[PDB]
Each structure stands twice: as C-alpha cells, then as structure tokens.
**Q** 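Let me begin by handing over the structure; questions about it come next.
Hydrogens, waters and symmetry mates play no part in the numbers below; they use all other heavy atoms, side chains included. Labels below follow one simple rule: chain letters A, B, ... track the order of the sequence lines, proteins then strands, and each chain is numbered from 1.
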Amino acid sequence: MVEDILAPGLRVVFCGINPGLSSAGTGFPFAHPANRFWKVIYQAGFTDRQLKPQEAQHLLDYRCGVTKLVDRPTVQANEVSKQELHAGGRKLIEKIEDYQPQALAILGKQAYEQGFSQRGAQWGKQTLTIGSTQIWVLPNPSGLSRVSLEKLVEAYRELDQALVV
DNA sequence: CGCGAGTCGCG
C-alpha cells in the first residue's frame, strides 16, 4: 500500500493511475527505476535535484504532493477498469476540496477521461476546475509510454511555468 | 441523425 503525500498550500498534487507492483511493495510512489516521474519533475523544475522514491515525503518541501486515482496495485494501468477509475475520481475530488492545491495534475489522458467522465480531452490545462484548483492532464511517466523524456519534461515544465510566484 | 459503448502496433 502506497501512502498519499498531501497537505494544504501545495502548488501541485500529482495523481497517477494506480501504484505499480514495486511501488506497492516499497510503499513509495513511482518506485520502479524504469519510471520517469522523479527525473521528469526534477528536470521540469519542481525539485532542485532528482529525489529517490524513498525521499517522497520531502515533496511537501517543494510544495508538491502525490496521490493516485486507484489504490489497488497492478502491473499495467490498463488492468484498472473504468469503473474503478470513475470511483477514484469521486474520492480524488474530496481530497482536492480538502487540501486545495493550486493545481491537480492527472497523469494520463485516459485516466482523466475515466476518472472525470470527460470526452476527447486534450493534453495540458483543462477548463474543468475543482473550486480554485485548476486541472491539468500530463503524460504518464511510465516506461511503457512511448512518449520521450524530452516530451515528458516539456509537458510538465509548462505546468510549472504556469503556477506563478 | 445522435448517442453510448464494443483491440493493435508503436521504443
């Protein structure tokens, strides 16, 4: 089971689909080394160095948080049904209303569409909001995605650059 | 007409 890393006053709360099998085993988000998450948020500008998975609690220091749509561990995101995703979206919303981050970043177009029941969503900022929290759809950092690191970083940086101050 | 919903190949 991977614990949520949330708090009030965060700039961004990163939300993945569900934990992979090693993250599930280690108790840290995006724990598998094949996963680009830590490198991407570092290069995108959210952290000053590439944090190791086990340093995850320190994301709060950079006013960043991490959660997931579906708790149930699974090897591939596609093993998660639309029903679970939709159920997750409902709970995610409560978490957002609770902590009220400046932005919620959903990692995966399909994940966003399923969890929020949206059609033909485009990458980037959405018009949809949760109170004062704006919503973005960023490429999932999995090594299974064919989206390159360069593309991953750019997508994430665009988000960083938009949250001023 | 409209809508809602039923894998493959790509590094």
**Q** Just jot down the side-chain hydrogen bond (donor to acceptor under 3.5 Å, both in side chains) partners of A:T67, sequence neighbours excluded, or say none.
**A**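 side-chain hydrogen bond (donor to acceptor under 3.5 Å, both in side chains) check on A:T67 returns A:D4, A:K95.
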**Q** Rounded to the nearest Å, what distance is computed from the CG atom of residue A:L149 to the P atom of nucleotide B:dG11?
**A**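 Going from A:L149 (CG) to B:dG11 (P), I get 18 Å.
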**Q** Taking only residues two or more places apart in sequence, or in another chain, which ones meet A:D61 in a salt bridge (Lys or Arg N to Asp or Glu O under 4.0 Å)?
**A**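 Not a single residue meets the salt bridge (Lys or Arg N to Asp or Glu O under 4.0 Å) criterion with A:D61.
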**Q** Between B:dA5 atom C1' and A:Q110 atom CD, what is the distance in whole Å?
**A**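 After rounding, the gap between these two atoms is 13 Å.
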**Q** Using the ring-ring contact (aromatic ring centres under 6.0 Å, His included) criterion, which residues pair with A:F37? Sequence neighbours excluded.
**A**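 Here the qualifying residues are A:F14, A:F30.
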**Q** Can you name the side-chain hydrogen bond (donor to acceptor under 3.5 Å, both in side chains) partners of A:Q54, sequence neighbours left out?
**A**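 A:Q54 satisfies side-chain hydrogen bond (donor to acceptor under 3.5 Å, both in side chains) with no other residue.
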**Q** Between A:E55 and A:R49, does any side-chain N to carboxylate O distance fall below 4.0 Å?
**A**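 The answer is yes: the pair qualifies as a salt bridge.
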**Q** Atom CZ of A:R36 to atom P of B:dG11: distance rounded to whole Å?
**A**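 Those two atoms, CZ and P, are 15 Å apart.
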**Q** Who are the salt bridge (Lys or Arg N to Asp or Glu O under 4.0 Å) partners of A:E79, not counting sequence neighbours?
**A**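 So A:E79 forms no salt bridge (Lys or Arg N to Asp or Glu O under 4.0 Å) with any residue.
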**Q** Could you list the residues that satisfy side-chain hydrogen bond (donor to acceptor under 3.5 Å, both in side chains) with A:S145, not counting sequence neighbours?
**A**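 A:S145 satisfies side-chain hydrogen bond (donor to acceptor under 3.5 Å, both in side chains) with no other residue.
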**Q** Check nucleotides 6-9 of chain B for protein N or O atoms closer than 3.5 Å to its own N or O atoms and list the pairs.
**A**
none

**Q** Could you state the CD-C1' distance from A:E113 to B:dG4, rounded to the nearest angstrom?
**A**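 Rounded to whole Å, this separation is 14 Å.
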**Q** Suppose we screen for side-chain hydrogen bond (donor to acceptor under 3.5 Å, both in side chains). Which residues come up paired with A:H86, at least two apart in sequence or across chains?
**A**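 With neighbours one apart ignored, the set is A:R90, A:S117.
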**Q** Enumerate, in order of first residue number, the stems that involve DNA chain B, defined as 3 or more consecutive Watson-Crick or G-U wobble pairs with both distances under 3.5 Å.
**A**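 Looking at DNA chain B, no stem of three or more consecutive pairs is formed.
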